[PDB]
Amino acid sequence: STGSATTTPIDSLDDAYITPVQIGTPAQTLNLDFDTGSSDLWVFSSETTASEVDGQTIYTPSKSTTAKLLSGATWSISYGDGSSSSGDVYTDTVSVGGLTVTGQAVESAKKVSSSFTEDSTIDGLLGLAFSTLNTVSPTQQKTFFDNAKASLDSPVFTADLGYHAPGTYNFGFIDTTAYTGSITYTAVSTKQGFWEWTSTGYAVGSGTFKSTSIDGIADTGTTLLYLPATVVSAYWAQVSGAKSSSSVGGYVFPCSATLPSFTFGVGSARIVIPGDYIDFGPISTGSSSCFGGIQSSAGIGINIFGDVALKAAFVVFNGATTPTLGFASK
């Protein structure tokens, strides 16, 4: 089998992407944030504290003839941005772009943090990291991809995120018309539960390529590109007036600047992030100070190839017995 679904930026900055997901019978369509950096499928629901729901579409398991309470199961998650959610668990039928899993754990939120409440466009998350990170207790549950894998034509999914435009998540096949040149595959460590890999280096603008190993995660659920302070300083040094602002919480630059591109290595291959992808707009409405899309990972504890990086590529998440990651230009 295969699946194919369009993913759409939630706003003009590509802060995140939403993908429609059908849950239950009859289908209840919710717009979920597909997150290769976590492993829980959780949704706003009829059980969510009413004061914490503000415009989201909710899953109502009592209206689904295929919903079954997973007795005794609870979940609770905290994300790298400080947001969190928790609740109980149902199993139900879940379909993404034509691909159907029966008995998928659907984690129903009883509580969500303010960040989620405040974002009306995201109805929940669909985790696509390794199932070892799933937070369901006392019986850990599998991700949608893990449940679908054996049925897929090929045990892969791909992320083709757009810049200021819709893109696509495919399951079970590689669309050879969606990228240019070849896909370069690179090794993955699953030891931390993430799609963790090692980039071979970087360049800033038309500068020379620096060969250096950069361990990090391919994370569709993180907006920006978080890299070591040395790399980030080298980038922003090429932008007149750019500076790290402790008050704002990262590098800012004059909105009047033209940003240089940023290249990262995948083996001997190179992915180029155009400068415009690195502009995240005014720090506050009407400001002439703009927020940078490349930021330091110092104090995160891990480098994160988030959307800024991934959207410059066609990305293969290969869930073969030994997982790998593939990157192509597009």
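Here Swiss-Prot sets the residue numbers for chain A, with the shown residues being 90-419 in order.
Using the three backbone atoms N, Cα and C, a Cβ is placed for every residue, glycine included.
Here is what Swiss-Prot says about this protein:
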type	residues	note
ACT_SITE	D124	active site
ACT_SITE	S288	active site
DISULFID	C344-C379	disulfide bond
DOMAIN	106-417	domain 'Peptidase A1'
Provide the number of Cβ atoms within 10 Å of the Cβ of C344 (disulfide bond), excluding the reference atom itself. 14
Spacing of the two Cα atoms, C344 (disulfide bond) and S288 (active site), in whole angstrom, works out to 30
Return the residues near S288 (active site), defined as same-chain residues 6+ apart in sequence whose C-beta is under 8 angstroms from its C-beta, sorted by sequence, else 'none'. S302, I303, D304, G305, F353, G354, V355, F394
Between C379 (disulfide bond) and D124 (active site), find the distance joining the two CA atoms and give it rounded to the nearest Å. 26
Counting every protein chain shown, other Cβ atoms within 10 Å of the Cβ of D124 (active site) number 22
What kind of secondary structure is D124 (active site) part of, going by DSSP in three states? strand
Assigned conformation of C379 (disulfide bond) - DSSP reduced to three states: strand
